[PDB]
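Protein chains in written order, with the deposited numbering: chain M, 1 to 186; chain H, 1 to 97, 109 to 167; chain P, 1 to 95; chain D, 10 to 29, 35 to 107, 128 to 174; chain V, 1 to 154. Take a look at the structure below.
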Amino acid sequence: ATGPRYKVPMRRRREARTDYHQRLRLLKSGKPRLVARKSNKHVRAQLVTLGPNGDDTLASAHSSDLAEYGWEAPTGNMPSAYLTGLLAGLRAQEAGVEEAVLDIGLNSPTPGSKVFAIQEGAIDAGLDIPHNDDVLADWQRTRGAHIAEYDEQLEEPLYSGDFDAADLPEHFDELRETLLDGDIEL
Amino acid sequence: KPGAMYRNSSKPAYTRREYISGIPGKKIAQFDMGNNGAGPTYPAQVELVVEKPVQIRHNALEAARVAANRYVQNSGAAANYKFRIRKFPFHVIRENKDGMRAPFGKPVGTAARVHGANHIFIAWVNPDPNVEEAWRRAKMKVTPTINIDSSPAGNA
Amino acid sequence: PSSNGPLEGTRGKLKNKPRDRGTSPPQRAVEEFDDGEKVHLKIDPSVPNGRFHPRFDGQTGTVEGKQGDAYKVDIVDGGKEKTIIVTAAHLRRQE
Amino acid sequence: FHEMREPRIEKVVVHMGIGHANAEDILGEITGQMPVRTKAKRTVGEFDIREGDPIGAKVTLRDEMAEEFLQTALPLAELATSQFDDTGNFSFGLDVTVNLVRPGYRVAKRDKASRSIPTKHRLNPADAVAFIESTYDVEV
Amino acid sequence: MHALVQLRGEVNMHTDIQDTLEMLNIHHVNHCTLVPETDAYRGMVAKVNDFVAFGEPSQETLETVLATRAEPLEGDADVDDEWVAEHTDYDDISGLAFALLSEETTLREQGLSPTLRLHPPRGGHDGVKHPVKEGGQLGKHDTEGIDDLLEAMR
RNA sequence: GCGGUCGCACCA
RNA sequence: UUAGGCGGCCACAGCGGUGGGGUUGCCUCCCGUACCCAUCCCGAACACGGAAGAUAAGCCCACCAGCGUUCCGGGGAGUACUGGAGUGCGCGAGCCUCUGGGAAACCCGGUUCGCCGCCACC
RNA sequence: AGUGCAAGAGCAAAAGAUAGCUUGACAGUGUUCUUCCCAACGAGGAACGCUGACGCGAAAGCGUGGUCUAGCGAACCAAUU
RNA sequence: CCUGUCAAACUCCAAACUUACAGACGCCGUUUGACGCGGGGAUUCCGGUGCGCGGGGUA
Ligand SMILES: [Cl-]
Ligand SMILES: [Cl-]
Ligand SMILES: [Mg+2]
Ligand SMILES: [Mg+2]
Ligand SMILES: [Mg+2]
Ligand SMILES: [Mg+2]
Ligand SMILES: [Mg+2]
Ligand SMILES: [Mg+2]
Ligand SMILES: [Mg+2]
Ligand SMILES: [Mg+2]
Ligand SMILES: [Mg+2]
Ligand code: NA
Ligand code: NA
Ligand code: NA
Ligand code: NA
Ligand code: NA
Ligand code: NA
């Protein structure tokens with residue numbers, strides 16, 4: 001920018017999107033990466049491999065195409081994340097993928113976070129991933145219990161119209177249950 | 001000491017003051033002479049061109065310039081002309097003043124490296140080439156044979 | 001030379017041009033080679049590890065197995081056969 | 010367009026640059047939340063050679079905590095103009131600084147895809163005076 | 001296709017230059033060889049440029065020299081039309097010459113020594129201290145220029 | 001190594 | 001790719017600036033703190049929960065060359081330098097000829113305001 | 001800028017700063033390069049492994065002292081494990 | 001802004017050229033066995049000059 005000698009960061013570093021130091025450490029395993037990404041409204045999970053001209057995604061799942069299986073709830077929460085992980089994990093298995101390492105990009109490794117929920121899901125789908133059980137949420141919060149109880153302090157529906165008034169961690173089970181057998185795209 | 005000892009450009013360029021200390025000051029008094037207030041807005045422009053690459057000690061530079069400018073007072077202390085010596089003595093020169112043991116010399120002076128065909132002096136004058144004479148006297152005190160060249164001046 | 005350390009006279013070869021300055025891309029540090037492949041040796045000024053003795057910068061050897069993540073490249077120094085332990089970060093496929 | 014262009018207060022920093035404290039106490043009451051130590055850098059003649067060393071405290075207030083404070087701070091100040099930032103900030107006073135900016139500031143403070151706020155979307159000294167002056171007082 | 005003739009001796013000539021002449025089958029002064037005009041061959045002759053005389057000869061000249069100084073891979077045998085016909089793919093010297101010139105074959109390919117051991121130039125050459133453009137005899141020559149040399153060394 | 005800068009001792 | 005995620009090359013992509021775009025696939029800003037989690041002080045950030053509002057930031061789309069960069073034409077320049085050769089010149093420093101290579105600055109005019117891969121998606 | 005110390009080199013979501021924790025400055029044994037270009041030569045040095053035991057981290061992973069190139073010493077004898 | 005100069009321990013640039021590997025031609029080797037391996041025997045470790053490139057030195 002200033003002159004011939006000026007050093008311009010790699011594009012993905014300018015865009016503040018890729019942490020290249022972590023990326024290298026990630027690639028060391030030589031295994032596929034379980035890319036755990038979030039959005040204000042959604043949660044994405046991809047299984048990426050290395051390629052000659054860039055990464056190759058062999059399997060993915062987005063919190064939106066969750067409804068395609070009977071999801072009638074918001075998609076930016078814990079139960080959502082888990083399921084998207086499990087969904088991607090299964091598609092992953094179908095693709096012949098057996099193991100992967102968790103890439104949480106620029107997110108923070110906070111215990112019980114959604115990325116770890118995504119990781120839990122993928123593991124349960126059958127994917128072998130280096131992990132640590134007590135950094136994950138306690139199942140109930142994954143089910144979405146923390147939100148149901150939060151609606152107990154109601155007075156006004158936590159959900160604007162949406163589905164239910166007191167919400168459903170049960171809807172969670174019905175879905176997980178569904179994903180664990182048959183059905184299309186899995 | 002004789003020019004014979006330093007006029008050739010056979011040694012490496014030695015000018016890094018960060019590694020050389022005790023360098024004698026230059027005897028060259030000024031580089032811009034005459035009406036330096038004015039810019040080259042003159043009709044005629046003569047130059048003294050060196051015809052062989054050589055090294056010119058600050059000694060010869062001063063004597064060459066003095067003899068030329070001191071003469072350009074055929075025009076007056078505040079005459080209408082500007083004189084410029086464009087070269088500076090960057091090359092540091094030594095002398096091994109023990110015999111040939113540990114002979115790297117000690118700094119004794121400085122010189123300017125001029126390549127054949129460069130102009131060492133440039134004067135700016137109105138039709139009144141007294142400067143042509145100031146130079147017959149200047150190239151008299153520098154090692155090389157020289158060419159007195161006139162540029163803007165088809166007023167022959 | 002006034003000294004005989006490995007980095008003697010390496011100012012040029014182990015320095016980056018100002019624009020290639022800074023952490024290098026991971027893609028080439030993870031490249032995988034096969035035994036028999038020809039690879040050009042060139043230290044990457046930005047990558048501290050996996051290096052080889054500067055004297056071999058420019059050699060083109062043959063990958064013949066690996067040690068840990070580092071590769072074992074066979075080269076010929078003058079007329080002598082030598083084996084060099086080097087990481088991908090400092091290797092490139094010939095052709 | 011507007012609504013997302015109209016100024017707002019983002020943090021008010023009240024700090025007492027002492028030279029070595036007991037002062038936190040008053041800051042806690044004047045604001046309503048714990049103060050933070052102020053270590054110093056460089057060794058210097060004011061017998062302040064200690065690098066890591068408590069030499070003052072500060073308090074960053076946000077939201078109501080910041081208004082409820084300014085609703086008494088401002089009144090204790092008169093100044094305006096020249097004493098304003100080129101970014102629409104201003105410090106008066128014990129110091130009390132007010133950082134002002136518009137709605138999409140998080141873009142420059144988050145971790146992911148962060149970005150620097152465009153000069154156009156920045157807050158000018160003027161656009162600042164207006165907002166505040168338009169909130170219980172007068173400019174210059 | 002160019003005719004190469006070494007005009008300067010080995011003493012004091014760079015070794016990598018001497019080896020080049022040797023790869024071009026010339027090991028003595030006045031020895032000549034025929035070389036195809038290829039990138040590879042071109043680089044070699046350029047390296048040997050200062051100790052040789054070279055150029056594209058005329059059909060006739062080649063024929064005179066071939067007849068006068070060509071030899072079998074082994075032996076004294078004179079290479080005349082009959083030899084040529086009874087030993088090569090061509091029917092006479094002219095046919096061989098043309099083939100060489102059009103770089104279709106080589107002296108070896110036809111059972112002939114790659115070297116035409118010429119005779120010193122009758123009347124002497126133009127000197128080995130200057131190139132053709134300076135009146136000497138070194139370097140690239142005219143077809144007329146090569147011919148004269150080759151003919152005087154017939 | 002031992003003794004008060006010094007003295008003693010000491011085949012790596 | 002009517003706005004996404006992971007990348008490869010790592011300024012041809014930087015710096016600066018103009019215009020356009022969203023009842024929704026969307027991304028954002030945004031709203032909010034019971035929870036997981038969090039600030040040596042602040043739900044600012046991090047984390048979690050969410051949609052009343054917005055397209056003003058960001059982002060995506062179209063474009064501008066003033067600066068920086070890449071490549072090209074013409075000029076500089078077959079100049080500077082140089083591998084090989086010489087009973088060529090020069091008191092000498094050094095130069096010249098033949099042969100094989102061949103620049104930098106700078107000026108003028110174009111180019112460049114990224115390209116490409118995998119996945120997902122009215 | 002900083003990174004203990006020459007000089008040159010490396011480094012920015014770090015190789016720097018701050019905080020916290022930890023003792024891998026670990027035992028054993030090698031491969032290779034260096035010392036000594038080519039091209040034989042010891043001590044020493046480094047790079048990269050493995051076996052064992054550990055530290056930290058969600059994890060990939062990092063840690064074979066200090067970002068790299070100086071800071072080193074045979075046989076005999078003694079003391080020590 | 002304009003204007004005057006430099007660098008063995010400067011570099012936004014940048015040759016000729018030297019060099020690793022590979023293919024092609026050439027040359028060479030398969031009875032003259034190359035390339036290479038193992039063994040016996042040395043001499044040698046005062047060098048000099050021309051040319052190109054040098055560093056020191058008035059030379
Ligand atoms: Cl994310
Ligand atoms: Cl090595
Ligand atoms: Mg150098
Ligand atoms: Mg014969
Ligand atoms: Mg006669
Ligand atoms: Mg003669
Ligand atoms: Mg002894
Ligand atoms: Mg807009
Ligand atoms: Mg280290
Ligand atoms: Mg002991
Ligand atoms: Mg060299
Ligand atoms: Na002496
Ligand atoms: Na003279
Ligand atoms: Na780099
Ligand atoms: Na403290
Ligand atoms: Na917008
Ligand atoms: Na050793």
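We put the CB at the ideal spot given by N, CA and C, even for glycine.
Neighbouring residues, chain M, relative to residue i (Cβ below 7 Å)
{"i": "P:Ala29", "result": "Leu24"}
{"i": "P:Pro54", "result": "The premise fails here: P:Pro54 is roughly 24 Å from chain M at the closest Cβ pair, so nothing lies under 7 Å."}
{"i": "P:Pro26", "result": "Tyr20, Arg23, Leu24 and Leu27"}
Contacts that residue i makes with chain M (C-beta to C-beta distance below 8 Å)
{"i": "P:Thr23", "result": "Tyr20 and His21"}
{"i": "D:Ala147", "result": "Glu15, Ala16 and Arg17"}
Residue i CB to nearest heavy atom of ligand 3 below 7 Å
{"i": "P:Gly12", "result": "yes"}
Residue i: contacting residues in chain M (beta-carbon distance under 9 Å)
{"i": "P:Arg19", "result": "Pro4, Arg5, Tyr6, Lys7 and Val8"}
{"i": "P:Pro45", "result": "Simply none; closest approach about 13 Å."}
Contacts of residue i in chain D (Cβ-Cβ under 9 Å)
{"i": "M:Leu106", "result": "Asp145, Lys146 and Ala147"}
Residue i versus residue j: straight-line alpha-carbon distance, rounded
{"i": "V:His31", "j": "P:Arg21", "result": "59 Å"}
{"i": "P:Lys82", "j": "P:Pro26", "result": "28 Å"}
{"i": "M:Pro4", "j": "P:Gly50", "result": "30 Å"}
{"i": "D:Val132", "j": "D:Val22", "result": "7 Å"}
{"i": "H:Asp109", "j": "H:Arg16", "result": "27 Å"}
{"i": "H:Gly120", "j": "P:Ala70", "result": "57 Å"}
{"i": "D:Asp129", "j": "D:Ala94", "result": "15 Å"}
{"i": "H:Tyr6", "j": "V:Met1", "result": "56 Å"}
{"i": "P:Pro45", "j": "P:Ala89", "result": "10 Å"}
{"i": "V:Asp19", "j": "P:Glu8", "result": "37 Å"}
{"i": "M:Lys41", "j": "M:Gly76", "result": "5 Å"}
{"i": "H:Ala128", "j": "H:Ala60", "result": "18 Å"}
{"i": "V:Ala53", "j": "V:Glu151", "result": "13 Å"}
Start-to-end residues for the beta strand (DSSP E) that takes in residue i
{"i": "M:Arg37", "result": "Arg33 to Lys38"}
{"i": "H:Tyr19", "result": "H:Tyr19 -> no beta strand (DSSP E), and no H or E assigned at all."}
{"i": "V:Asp81", "result": "From DSSP, V:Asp81 is part of no beta strand (DSSP E) but of the alpha helix (DSSP H) over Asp81 to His87."}
{"i": "H:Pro118", "result": "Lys117 to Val125"}
{"i": "M:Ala148", "result": "M:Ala148 -> not in any beta strand (DSSP E); alpha helix (DSSP H) instead, spanning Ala145 to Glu152."}
Contact test: residue i Cβ vs ligand 15 heavy atom, cutoff 7 Å
{"i": "D:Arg64", "result": "no"}
{"i": "D:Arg51", "result": "yes"}
Enclosing alpha helix (DSSP H) for residue i [first to last residue]
{"i": "V:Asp147", "result": "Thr143 to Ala152"}
{"i": "residue 195 of chain M", "result": "Residue 195 of chain M lies beyond the residue range present for chain M, which begins at 1 and ends at 186; the question has no answer from this structure."}
{"i": "H:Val66", "result": "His58 to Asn69"}
{"i": "D:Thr45", "result": "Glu38 to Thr45"}
beta-carbon residue i near ligand 6 non-hydrogen atom, thresh 7 Å
{"i": "V:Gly127", "result": "yes"}
Chain P contact residues for residue i, given Cβ-Cβ distances below 9 Å
{"i": "M:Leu102", "result": "Going along chain P, no residue has its Cβ under 9 Å from M:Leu102, so there is no contact; the nearest lies around 17 Å."}
Distance cut-off 7 Å: residue i Cβ against heavy atoms of ligand 14
{"i": "V:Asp16", "result": "no"}
{"i": "V:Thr143", "result": "no"}
{"i": "P:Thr23", "result": "yes"}
{"i": "P:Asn16", "result": "yes"}
Ligand 12 heavy atom lying under 7 Å from the CB of residue i
{"i": "H:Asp109", "result": "yes"}
{"i": "H:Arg112", "result": "yes"}
Near ligand 1: residue i beta-carbon under 7 Å from a heavy atom
{"i": "M:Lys38", "result": "yes"}
task = Pick out the complete alpha helix (DSSP H) segments inside the region 21 to 48 of chain V, 4 residues or longer, and give them in chain order.
result = Runs of the alpha helix (DSSP H) inside the region 21 to 48 of chain V: 39 to 47.
inquiry  = List, from N- to C-terminal side, the alpha helix (DSSP H) runs of 4 residues or more that fit wholly inside the region 62 to 141 of chain V.
reply    = Listed in chain order, the complete alpha helix (DSSP H) runs (minimum 4 residues) inside the region 62 to 141 of chain V are 81 to 87 and 93 to 101.
key: Runs of beta strand (DSSP E) lying entirely within the region 60 to 104 of chain M, each at least 3 residues, in chain order   = Whole beta strand (DSSP E) segments, 3+ residues: 101 to 103.
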